[PDB]
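Data file: final.cif. Format and content: mmCIF, C-alpha atoms.
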data_my_file
#
loop_
_atom_site.label_atom_id
_atom_site.label_comp_id
_atom_site.auth_asym_id
_atom_site.auth_seq_id
_atom_site.Cartn_x
_atom_site.Cartn_y
_atom_site.Cartn_z
CA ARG P 1 -44.48 -42.61 -130.90
CA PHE P 2 -46.51 -39.43 -131.41
CA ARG P 3 -49.98 -38.89 -132.85
CA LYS P 4 -50.20 -35.07 -132.42
CA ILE P 5 -47.40 -32.49 -132.62
CA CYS P 6 -47.68 -28.70 -132.27
CA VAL P 7 -45.31 -26.81 -134.52
CA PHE P 8 -44.56 -23.14 -133.72
CA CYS P 9 -43.65 -20.84 -136.61
CA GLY P 10 -44.77 -17.54 -138.03
CA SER P 11 -46.26 -15.85 -141.03
CA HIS P 12 -42.86 -15.08 -142.55
CA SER P 13 -40.78 -17.50 -144.62
CA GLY P 14 -37.30 -15.96 -144.22
CA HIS P 15 -35.21 -14.42 -147.05
CA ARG P 16 -33.21 -17.64 -147.55
CA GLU P 17 -34.79 -20.79 -148.96
CA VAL P 18 -33.19 -23.09 -146.35
CA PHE P 19 -36.08 -22.05 -143.98
CA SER P 20 -38.96 -23.10 -146.28
CA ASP P 21 -37.02 -26.29 -147.06
CA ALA P 22 -36.95 -27.05 -143.33
CA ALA P 23 -40.71 -26.40 -142.99
CA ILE P 24 -41.46 -28.74 -145.90
CA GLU P 25 -39.10 -31.42 -144.67
CA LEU P 26 -40.68 -31.22 -141.21
CA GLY P 27 -44.14 -31.49 -142.84
CA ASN P 28 -42.92 -34.62 -144.66
CA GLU P 29 -41.47 -36.13 -141.49
CA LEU P 30 -44.90 -35.74 -139.86
CA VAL P 31 -46.57 -37.26 -142.96
CA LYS P 32 -44.25 -40.34 -143.10
CA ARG P 33 -44.65 -40.96 -139.39
CA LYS P 34 -48.46 -40.51 -139.68
CA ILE P 35 -48.42 -37.65 -137.12
CA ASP P 36 -51.20 -35.01 -137.08
CA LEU P 37 -50.28 -31.29 -136.95
CA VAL P 38 -51.36 -28.65 -134.43
CA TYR P 39 -50.27 -25.11 -135.37
CA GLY P 40 -51.34 -21.46 -135.18
CA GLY P 41 -53.72 -21.34 -138.21
CA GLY P 42 -51.82 -18.96 -140.49
CA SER P 43 -51.80 -19.64 -144.21
CA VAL P 44 -48.65 -17.67 -145.13
CA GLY P 45 -44.99 -17.90 -144.05
CA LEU P 46 -43.72 -21.13 -142.52
CA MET P 47 -47.17 -21.71 -141.00
CA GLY P 48 -48.83 -21.99 -144.46
CA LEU P 49 -45.95 -24.10 -145.84
CA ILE P 50 -45.97 -26.76 -143.16
CA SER P 51 -49.76 -26.96 -142.82
CA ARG P 52 -50.33 -27.33 -146.59
CA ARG P 53 -47.65 -30.08 -146.71
CA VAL P 54 -49.17 -32.04 -143.90
CA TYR P 55 -52.70 -31.49 -145.19
CA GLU P 56 -51.82 -32.39 -148.79
CA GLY P 57 -49.89 -35.40 -147.42
CA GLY P 58 -53.10 -36.81 -145.97
CA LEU P 59 -52.69 -36.05 -142.27
CA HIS P 60 -54.95 -33.94 -140.02
CA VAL P 61 -54.12 -30.29 -139.44
CA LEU P 62 -55.67 -28.20 -136.70
CA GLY P 63 -54.93 -24.47 -136.63
CA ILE P 64 -55.73 -22.54 -133.41
CA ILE P 65 -56.00 -18.80 -133.81
CA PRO P 66 -57.40 -15.83 -131.90
CA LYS P 67 -60.30 -13.89 -133.50
CA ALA P 68 -58.45 -10.62 -133.87
CA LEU P 69 -55.38 -12.28 -135.47
CA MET P 70 -57.36 -13.87 -138.35
CA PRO P 71 -57.27 -10.92 -140.80
CA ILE P 72 -53.52 -10.75 -140.21
CA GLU P 73 -52.41 -14.39 -140.51
CA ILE P 74 -55.10 -15.97 -142.74
CA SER P 75 -55.20 -14.91 -146.43
CA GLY P 76 -56.07 -16.85 -149.59
CA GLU P 77 -57.84 -20.13 -148.68
CA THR P 78 -57.41 -22.30 -145.60
CA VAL P 79 -56.92 -26.12 -145.51
CA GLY P 80 -57.71 -28.50 -142.61
CA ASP P 81 -59.55 -27.32 -139.48
CA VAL P 82 -59.39 -23.91 -137.75
CA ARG P 83 -60.36 -23.46 -134.10
CA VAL P 84 -61.01 -19.78 -133.25
CA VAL P 85 -60.26 -18.67 -129.67
CA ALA P 86 -60.78 -15.43 -127.66
CA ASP P 87 -57.20 -14.32 -127.10
CA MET P 88 -53.46 -15.22 -126.94
CA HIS P 89 -53.80 -17.14 -123.68
CA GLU P 90 -56.61 -19.37 -124.95
CA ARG P 91 -54.54 -20.00 -128.10
CA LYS P 92 -51.51 -21.12 -126.03
CA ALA P 93 -53.61 -23.29 -123.68
CA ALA P 94 -55.50 -24.94 -126.61
CA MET P 95 -52.31 -25.62 -128.62
CA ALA P 96 -50.74 -27.19 -125.48
CA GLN P 97 -53.84 -29.36 -124.68
CA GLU P 98 -54.03 -30.59 -128.27
CA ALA P 99 -50.35 -31.52 -128.69
CA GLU P 100 -48.37 -34.43 -127.27
CA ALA P 101 -45.04 -32.59 -128.00
CA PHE P 102 -43.75 -29.24 -129.44
CA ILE P 103 -41.34 -28.16 -132.21
CA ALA P 104 -40.20 -24.60 -132.95
CA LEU P 105 -39.13 -23.82 -136.48
CA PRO P 106 -37.27 -20.47 -136.96
CA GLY P 107 -39.53 -17.47 -136.45
CA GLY P 108 -39.71 -14.09 -134.81
CA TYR P 109 -40.90 -13.01 -131.36
CA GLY P 110 -44.24 -14.99 -131.38
CA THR P 111 -42.50 -18.31 -132.08
CA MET P 112 -39.76 -17.68 -129.48
CA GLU P 113 -42.42 -16.77 -126.87
CA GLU P 114 -44.47 -19.99 -127.51
CA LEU P 115 -41.35 -22.12 -127.35
CA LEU P 116 -40.07 -20.51 -124.13
CA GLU P 117 -43.48 -20.98 -122.61
CA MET P 118 -43.59 -24.73 -123.37
CA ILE P 119 -40.05 -25.14 -122.00
CA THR P 120 -41.19 -23.29 -118.85
CA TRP P 121 -44.26 -25.57 -118.43
CA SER P 122 -42.00 -28.65 -118.63
CA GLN P 123 -39.56 -27.11 -116.17
CA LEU P 124 -42.36 -26.35 -113.71
CA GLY P 125 -43.86 -29.82 -114.05
CA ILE P 126 -47.05 -28.47 -115.69
CA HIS P 127 -46.74 -31.16 -118.37
CA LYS P 128 -44.16 -33.80 -119.40
CA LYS P 129 -44.15 -33.20 -123.14
CA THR P 130 -41.07 -33.12 -125.36
CA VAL P 131 -39.97 -29.71 -126.73
CA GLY P 132 -37.72 -29.58 -129.81
CA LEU P 133 -36.23 -26.99 -132.05
CA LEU P 134 -35.22 -27.28 -135.66
CA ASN P 135 -31.99 -25.29 -135.65
CA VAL P 136 -31.90 -24.37 -139.37
CA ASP P 137 -28.39 -23.24 -140.41
CA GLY P 138 -27.64 -22.13 -136.86
CA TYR P 139 -30.71 -19.80 -136.56
CA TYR P 140 -31.12 -20.81 -132.88
CA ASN P 141 -27.40 -20.99 -131.87
CA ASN P 142 -27.83 -17.74 -129.92
CA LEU P 143 -30.91 -19.11 -128.15
CA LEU P 144 -29.00 -22.23 -127.04
CA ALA P 145 -25.96 -20.08 -126.05
CA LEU P 146 -28.38 -18.01 -123.92
CA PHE P 147 -29.65 -21.16 -122.16
CA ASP P 148 -25.98 -22.09 -121.57
CA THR P 149 -25.38 -18.62 -120.06
CA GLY P 150 -28.40 -19.16 -117.81
CA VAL P 151 -27.03 -22.50 -116.59
CA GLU P 152 -23.52 -21.04 -116.02
CA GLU P 153 -24.76 -18.00 -114.09
CA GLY P 154 -27.14 -20.02 -111.85
CA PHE P 155 -30.56 -19.17 -113.30
CA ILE P 156 -31.25 -22.48 -115.10
CA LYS P 157 -30.42 -25.85 -113.58
CA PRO P 158 -28.15 -28.22 -115.56
CA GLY P 159 -30.95 -30.82 -115.86
CA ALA P 160 -33.43 -28.19 -117.10
CA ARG P 161 -31.01 -27.23 -119.94
CA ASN P 162 -31.76 -30.73 -121.30
CA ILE P 163 -35.51 -30.17 -121.83
CA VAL P 164 -34.74 -28.60 -125.23
CA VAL P 165 -34.02 -31.27 -127.93
CA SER P 166 -32.40 -29.67 -131.03
CA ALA P 167 -30.98 -30.74 -134.42
CA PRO P 168 -30.07 -29.08 -137.71
CA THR P 169 -32.55 -31.08 -139.85
CA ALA P 170 -36.12 -32.36 -139.48
CA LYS P 171 -35.04 -35.96 -139.91
CA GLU P 172 -32.43 -35.81 -137.15
CA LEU P 173 -34.77 -33.89 -134.83
CA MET P 174 -37.55 -36.45 -135.24
CA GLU P 175 -35.17 -39.35 -134.43
CA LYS P 176 -33.97 -37.46 -131.37
CA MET P 177 -37.46 -36.78 -130.08
CA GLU P 178 -38.77 -40.30 -130.72
CA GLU P 179 -35.97 -41.31 -128.35
CA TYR P 180 -35.97 -38.47 -125.73
CA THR P 181 -36.70 -39.09 -122.02
CA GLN O 1 -36.96 12.88 -110.37
CA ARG O 2 -39.72 13.14 -112.97
CA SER O 3 -40.89 10.00 -114.82
CA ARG O 4 -43.63 9.23 -117.30
CA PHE O 5 -44.13 5.89 -115.40
CA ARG O 6 -46.06 5.23 -112.22
CA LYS O 7 -46.22 1.43 -112.36
CA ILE O 8 -43.56 -0.94 -113.74
CA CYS O 9 -43.62 -4.75 -113.88
CA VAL O 10 -40.22 -6.43 -113.29
CA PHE O 11 -39.72 -10.02 -114.55
CA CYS O 12 -37.13 -12.02 -112.61
CA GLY O 13 -37.15 -15.29 -110.71
CA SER O 14 -36.50 -17.25 -107.55
CA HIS O 15 -32.73 -17.44 -108.00
CA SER O 16 -30.13 -14.69 -107.40
CA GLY O 17 -27.43 -16.14 -109.68
CA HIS O 18 -24.03 -17.45 -108.49
CA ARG O 19 -22.25 -14.04 -108.85
CA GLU O 20 -23.00 -10.98 -106.68
CA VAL O 21 -23.33 -8.61 -109.64
CA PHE O 22 -26.87 -9.91 -110.35
CA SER O 23 -28.10 -9.11 -106.79
CA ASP O 24 -26.36 -5.66 -107.08
CA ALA O 25 -28.25 -5.08 -110.30
CA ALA O 26 -31.67 -5.99 -108.77
CA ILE O 27 -30.92 -3.62 -105.83
CA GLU O 28 -29.82 -0.84 -108.24
CA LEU O 29 -33.03 -1.20 -110.22
CA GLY O 30 -35.02 -1.06 -106.94
CA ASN O 31 -33.14 2.19 -106.15
CA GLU O 32 -33.97 3.62 -109.58
CA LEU O 33 -37.67 2.79 -109.18
CA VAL O 34 -37.71 4.48 -105.71
CA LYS O 35 -35.94 7.66 -107.02
CA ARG O 36 -38.64 8.06 -109.71
CA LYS O 37 -41.51 7.25 -107.33
CA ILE O 38 -42.44 4.14 -109.34
CA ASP O 39 -44.50 1.33 -107.85
CA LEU O 40 -43.42 -2.29 -108.49
CA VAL O 41 -45.52 -5.02 -110.09
CA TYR O 42 -43.86 -8.47 -109.93
CA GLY O 43 -44.32 -12.23 -109.45
CA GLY O 44 -44.69 -12.27 -105.67
CA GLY O 45 -41.59 -14.26 -104.83
CA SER O 46 -39.63 -13.59 -101.69
CA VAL O 47 -36.40 -15.29 -102.65
CA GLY O 48 -33.91 -14.85 -105.53
CA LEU O 49 -33.92 -11.66 -107.55
CA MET O 50 -37.68 -11.25 -106.94
CA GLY O 51 -37.03 -11.04 -103.15
CA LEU O 52 -34.18 -8.49 -103.60
CA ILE O 53 -35.94 -6.11 -105.90
CA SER O 54 -39.26 -6.21 -104.00
CA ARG O 55 -37.60 -5.67 -100.59
CA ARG O 56 -35.61 -2.67 -101.90
CA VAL O 57 -38.69 -1.00 -103.38
CA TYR O 58 -40.77 -1.74 -100.15
CA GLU O 59 -37.92 -0.41 -97.91
CA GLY O 60 -37.86 2.75 -100.03
CA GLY O 61 -41.51 3.40 -99.31
CA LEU O 62 -43.10 2.58 -102.69
CA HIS O 63 -45.92 0.16 -103.33
CA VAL O 64 -45.15 -3.53 -104.10
CA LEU O 65 -47.76 -5.74 -105.81
CA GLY O 66 -46.96 -9.47 -106.21
CA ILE O 67 -49.12 -11.60 -108.52
CA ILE O 68 -48.69 -15.35 -108.05
CA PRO O 69 -50.64 -18.47 -109.14
CA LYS O 70 -51.87 -20.29 -106.06
CA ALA O 71 -49.74 -23.39 -106.71
CA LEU O 72 -46.50 -21.46 -106.85
CA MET O 73 -46.94 -19.88 -103.39
CA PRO O 74 -45.39 -22.79 -101.43
CA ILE O 75 -42.52 -22.71 -103.93
CA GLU O 76 -41.75 -19.03 -104.43
CA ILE O 77 -42.74 -17.69 -100.97
CA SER O 78 -40.60 -18.21 -97.97
CA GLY O 79 -39.98 -16.54 -94.59
CA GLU O 80 -42.41 -13.74 -95.24
CA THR O 81 -44.27 -12.01 -98.12
CA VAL O 82 -43.04 -8.69 -99.54
CA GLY O 83 -45.76 -6.04 -100.05
CA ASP O 84 -49.21 -7.18 -101.09
CA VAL O 85 -49.92 -10.54 -102.76
CA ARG O 86 -52.70 -11.05 -105.33
CA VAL O 87 -53.39 -14.78 -105.87
CA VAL O 88 -54.51 -15.94 -109.33
CA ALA O 89 -55.56 -19.37 -110.72
CA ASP O 90 -52.85 -20.19 -113.27
CA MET O 91 -49.92 -18.98 -115.41
CA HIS O 92 -52.15 -17.13 -117.87
CA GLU O 93 -54.07 -15.10 -115.28
CA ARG O 94 -50.73 -14.14 -113.71
CA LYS O 95 -49.43 -12.92 -117.09
CA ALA O 96 -52.69 -11.11 -117.89
CA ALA O 97 -52.89 -9.50 -114.44
CA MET O 98 -49.21 -8.36 -114.45
CA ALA O 99 -49.65 -6.71 -117.91
CA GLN O 100 -52.93 -5.04 -116.92
CA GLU O 101 -51.29 -3.60 -113.77
CA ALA O 102 -48.14 -2.26 -115.48
CA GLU O 103 -47.36 0.67 -117.76
CA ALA O 104 -43.98 -0.86 -118.89
CA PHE O 105 -41.90 -4.00 -118.29
CA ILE O 106 -38.30 -4.73 -117.33
CA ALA O 107 -36.62 -8.16 -117.40
CA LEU O 108 -33.80 -8.70 -115.04
CA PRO O 109 -31.60 -11.75 -115.71
CA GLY O 110 -33.44 -14.98 -115.01
CA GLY O 111 -34.16 -18.43 -116.44
CA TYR O 112 -36.82 -19.73 -118.75
CA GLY O 113 -39.84 -18.18 -116.97
CA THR O 114 -38.37 -14.67 -117.15
CA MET O 115 -37.37 -15.13 -120.79
CA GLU O 116 -40.88 -16.23 -121.72
CA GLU O 117 -42.57 -13.29 -119.92
CA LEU O 118 -40.20 -10.85 -121.65
CA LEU O 119 -40.79 -12.35 -125.14
CA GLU O 120 -44.57 -12.34 -124.61
CA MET O 121 -44.60 -8.62 -123.80
CA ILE O 122 -42.41 -7.85 -126.82
CA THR O 123 -44.78 -9.88 -129.05
CA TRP O 124 -47.71 -7.97 -127.59
CA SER O 125 -46.05 -4.64 -128.47
CA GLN O 126 -45.20 -5.91 -131.94
CA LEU O 127 -48.84 -6.98 -132.46
CA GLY O 128 -50.32 -3.68 -131.28
CA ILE O 129 -51.95 -5.52 -128.32
CA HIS O 130 -50.55 -2.77 -126.07
CA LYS O 131 -48.29 0.26 -126.40
CA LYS O 132 -45.96 -0.32 -123.49
CA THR O 133 -42.22 0.12 -123.15
CA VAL O 134 -40.27 -3.14 -122.74
CA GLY O 135 -36.73 -3.13 -121.35
CA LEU O 136 -34.07 -5.67 -120.35
CA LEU O 137 -31.27 -5.02 -117.85
CA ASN O 138 -28.39 -6.69 -119.56
CA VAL O 139 -26.25 -7.34 -116.47
CA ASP O 140 -22.66 -7.98 -117.51
CA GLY O 141 -23.69 -9.18 -121.00
CA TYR O 142 -26.22 -11.72 -119.64
CA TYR O 143 -28.67 -11.04 -122.49
CA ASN O 144 -26.06 -10.47 -125.24
CA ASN O 145 -27.09 -13.79 -126.81
CA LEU O 146 -30.81 -12.95 -126.82
CA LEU O 147 -30.14 -9.56 -128.47
CA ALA O 148 -27.88 -11.31 -131.02
CA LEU O 149 -30.75 -13.75 -131.61
CA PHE O 150 -33.07 -10.75 -132.25
CA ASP O 151 -30.40 -9.50 -134.75
CA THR O 152 -30.40 -12.95 -136.37
CA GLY O 153 -34.22 -12.73 -136.67
CA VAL O 154 -33.89 -9.34 -138.46
CA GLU O 155 -31.06 -10.45 -140.83
CA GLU O 156 -32.98 -13.63 -141.76
CA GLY O 157 -36.31 -11.85 -142.32
CA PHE O 158 -38.43 -12.92 -139.33
CA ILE O 159 -38.41 -9.66 -137.40
CA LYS O 160 -38.82 -6.26 -139.13
CA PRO O 161 -36.22 -3.52 -138.44
CA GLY O 162 -38.84 -1.47 -136.51
CA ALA O 163 -39.87 -4.38 -134.31
CA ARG O 164 -36.19 -4.91 -133.30
CA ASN O 165 -36.14 -1.46 -131.57
CA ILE O 166 -39.15 -2.40 -129.39
CA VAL O 167 -36.61 -3.96 -126.94
CA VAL O 168 -34.83 -1.18 -124.98
CA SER O 169 -31.56 -2.48 -123.49
CA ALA O 170 -28.79 -1.24 -121.17
CA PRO O 171 -26.14 -2.76 -118.88
CA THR O 172 -27.08 -0.72 -115.76
CA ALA O 173 -30.41 0.17 -114.14
CA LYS O 174 -29.70 3.88 -114.31
CA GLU O 175 -28.94 3.89 -118.08
CA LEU O 176 -31.90 1.57 -118.73
CA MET O 177 -34.35 3.88 -116.91
CA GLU O 178 -33.02 6.78 -118.93
CA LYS O 179 -33.49 5.03 -122.25
CA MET O 180 -36.99 3.82 -121.28
CA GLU O 181 -38.10 7.38 -120.39
CA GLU O 182 -37.06 8.50 -123.89
CA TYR O 183 -38.47 5.55 -125.86
CA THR O 184 -41.05 6.27 -128.59
#

Go ahead and render the structure in this file as structure tokens.
Amino acid sequence: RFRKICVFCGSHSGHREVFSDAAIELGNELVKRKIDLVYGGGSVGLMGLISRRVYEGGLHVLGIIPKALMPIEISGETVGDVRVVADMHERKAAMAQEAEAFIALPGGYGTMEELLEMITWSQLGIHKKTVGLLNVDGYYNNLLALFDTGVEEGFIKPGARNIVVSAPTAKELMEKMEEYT
Amino acid sequence: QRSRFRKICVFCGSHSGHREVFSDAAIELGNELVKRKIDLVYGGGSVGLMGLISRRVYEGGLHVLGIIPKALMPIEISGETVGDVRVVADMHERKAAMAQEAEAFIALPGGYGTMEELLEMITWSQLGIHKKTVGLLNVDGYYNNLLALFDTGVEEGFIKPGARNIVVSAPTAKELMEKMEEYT
């Protein structure tokens, strides 16, 4: 049972509506389960969608954003709390300290980087926190295929392949991570 | 031969891979760095692909700088060190110190840690944090799925066309070095 989850996503929504739908459904899963959100502070793209949902649903949202990234990711009007940090490393360390587990929605390089980093910290024993991915309409199939390649070629151990929990919908992913060990 | 680069950081890990082709690739990239008179920045390991590429560059008479968090030393360092070792506090100092020391980055095949380092440096180019060439040595299609994932990000609207070309890619060290020279 979680109280704080960090969700990685970016300031784009995707061309197809299935992505926003996922972000909203994940926001609603966190609301129903009374889970607070930790995220990157943006107010557009999937970041704005999920944080507004959670915030408007009554749960706490904490964004964590570096100073120089604010004019880029925050437009319009924020909701919930925003912690401002010095740089990208402080952002990653603060998001990790604040969360009990991690979920990547679809996103570009930033989101993939954050997710890979959390998987790495689990693999190294740095923390024991669950890492999931919401594999919206196969967006992450190539990522999981890559992990499979890594296992097959001898760069990732079979047991470490199992750190990543994934599912095609927010509902199924939440069930899976409530039950992961 | 002439190069724009004097210092390159190579991401790779403590395993060599089950097939020989991955070790051959690390050695070929070591050879290409030596031919261009390029110094190596890397993670300080002495085993796996990190041990192969660092030993080849050292043996060829170029400088090797390893940057390793103190708690990984017992784990990534074995037998002997290769080149000089700079010890840092944690993962983030290691990443910051490797970027600061390098003019460009190359990922060899590796597991999660190498993937994450590679994606961070791409993200940093995309953001304007730095203006440094990022390459991956796609040994025998190893990174085909990550490049396909980058294509998926473009097609679905999460990565702009221009940001897709940040990642320079080739299947051999020689072709990779050539494409990185020419990147703009």

* Asked: What's the 7 Å shell around residue 15 (chain P), counting all atoms listed in the file, without same-chain residues fewer than 2 positions away, as number ranges by chain?
  -> P: 13, 17; O: 156-157

Export of prior selection with C-alpha atoms as a PDB file, in the frame of the given file:
ATOM      1  CA  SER P  13     -40.780 -17.500-144.620  1.00  0.00           C
ATOM      2  CA  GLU P  17     -34.790 -20.790-148.960  1.00  0.00           C
TER       3      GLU P  17
ATOM      4  CA  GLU O 156     -32.980 -13.630-141.760  1.00  0.00           C
ATOM      5  CA  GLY O 157     -36.310 -11.850-142.320  1.00  0.00           C
TER       6      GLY O 157
END

* **Contacts of residue 77 (chain P) within 12 Å, only C-alpha atoms, excl. fewer than 4 positions in-chain, as a PyMOL selection string** => chain P and resi 41-44+48+52+73+81-82

* When you get a sec, could you note down which chain O residues fall within 7 Å of chain P, using all atoms listed in the file, as JSON, numbers by chain? => {"O": [15, 17, 18, 92, 110, 111, 112, 113, 115, 116, 119, 120, 123, 142, 145, 146, 148, 149, 152, 153, 156, 157, 158, 159]}

Write the residues of the preceding selection, restricted to C-alpha atoms, as a CSV table (one decimal), in the frame of the given file.
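In the end it all went to part-v2.csv:
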chain,number,residue,atom,x,y,z
O,15,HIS,CA,-32.7,-17.4,-108.0
O,17,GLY,CA,-27.4,-16.1,-109.7
O,18,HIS,CA,-24.0,-17.4,-108.5
O,92,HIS,CA,-52.2,-17.1,-117.9
O,110,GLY,CA,-33.4,-15.0,-115.0
O,111,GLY,CA,-34.2,-18.4,-116.4
O,112,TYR,CA,-36.8,-19.7,-118.8
O,113,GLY,CA,-39.8,-18.2,-117.0
O,115,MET,CA,-37.4,-15.1,-120.8
O,116,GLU,CA,-40.9,-16.2,-121.7
O,119,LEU,CA,-40.8,-12.4,-125.1
O,120,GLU,CA,-44.6,-12.3,-124.6
O,123,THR,CA,-44.8,-9.9,-129.0
O,142,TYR,CA,-26.2,-11.7,-119.6
O,145,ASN,CA,-27.1,-13.8,-126.8
O,146,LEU,CA,-30.8,-13.0,-126.8
O,148,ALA,CA,-27.9,-11.3,-131.0
O,149,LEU,CA,-30.8,-13.8,-131.6
O,152,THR,CA,-30.4,-13.0,-136.4
O,153,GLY,CA,-34.2,-12.7,-136.7
O,156,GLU,CA,-33.0,-13.6,-141.8
O,157,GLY,CA,-36.3,-11.8,-142.3
O,158,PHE,CA,-38.4,-12.9,-139.3
O,159,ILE,CA,-38.4,-9.7,-137.4

* Do you know which residues are at most 6 Å from residue 8 (chain O) counting only C-alpha atoms, after dropping those on the same chain fewer than 6 positions away, and could you put them as a list in words? -> residues 40, 41, 102, 103, 104 and 105 of chain O

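Once the PyMOL selection byres ((chain O and resi 44-50) around 8) is applied to the shown structure, the selection contains residues 11, 12, 13, 14, 15, 16, 17, 22, 23, 26, 42, 43, 51, 52, 53, 54, 65, 66, 67, 68, 73, 76, 77, 78, 79, 80, 81, 82 and 85 of chain O.
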
Write the residues of the selection above to a file with C-alpha atoms, as an mmCIF file, keeping the file's coordinate frame.
data_model
loop_
_atom_site.group_PDB
_atom_site.id
_atom_site.type_symbol
_atom_site.label_atom_id
_atom_site.label_comp_id
_atom_site.auth_asym_id
_atom_site.auth_seq_id
_atom_site.Cartn_x
_atom_site.Cartn_y
_atom_site.Cartn_z
ATOM 1 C CA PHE O 11 -39.720 -10.020 -114.550
ATOM 2 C CA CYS O 12 -37.130 -12.020 -112.610
ATOM 3 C CA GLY O 13 -37.150 -15.290 -110.710
ATOM 4 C CA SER O 14 -36.500 -17.250 -107.550
ATOM 5 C CA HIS O 15 -32.730 -17.440 -108.000
ATOM 6 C CA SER O 16 -30.130 -14.690 -107.400
ATOM 7 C CA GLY O 17 -27.430 -16.140 -109.680
ATOM 8 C CA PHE O 22 -26.870 -9.910 -110.350
ATOM 9 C CA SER O 23 -28.100 -9.110 -106.790
ATOM 10 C CA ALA O 26 -31.670 -5.990 -108.770
ATOM 11 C CA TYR O 42 -43.860 -8.470 -109.930
ATOM 12 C CA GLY O 43 -44.320 -12.230 -109.450
ATOM 13 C CA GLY O 51 -37.030 -11.040 -103.150
ATOM 14 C CA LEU O 52 -34.180 -8.490 -103.600
ATOM 15 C CA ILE O 53 -35.940 -6.110 -105.900
ATOM 16 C CA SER O 54 -39.260 -6.210 -104.000
ATOM 17 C CA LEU O 65 -47.760 -5.740 -105.810
ATOM 18 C CA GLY O 66 -46.960 -9.470 -106.210
ATOM 19 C CA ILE O 67 -49.120 -11.600 -108.520
ATOM 20 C CA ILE O 68 -48.690 -15.350 -108.050
ATOM 21 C CA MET O 73 -46.940 -19.880 -103.390
ATOM 22 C CA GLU O 76 -41.750 -19.030 -104.430
ATOM 23 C CA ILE O 77 -42.740 -17.690 -100.970
ATOM 24 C CA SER O 78 -40.600 -18.210 -97.970
ATOM 25 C CA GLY O 79 -39.980 -16.540 -94.590
ATOM 26 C CA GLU O 80 -42.410 -13.740 -95.240
ATOM 27 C CA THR O 81 -44.270 -12.010 -98.120
ATOM 28 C CA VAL O 82 -43.040 -8.690 -99.540
ATOM 29 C CA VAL O 85 -49.920 -10.540 -102.760
#

* Could you list the residues chosen by the PyMOL selection byres ((chain P and resi 136) around 10) in this structure as a list in words? => residues 18, 19, 20, 21, 22, 23, 105, 106, 133, 134, 135, 137, 138, 139, 140, 141, 166, 167, 168, 169 and 170 of chain P

* **Resolved residues for the PyMOL selection byres ((chain O and resi 167) around 9) as number ranges by chain** => O: 122, 133-136, 147, 163-166, 168-169
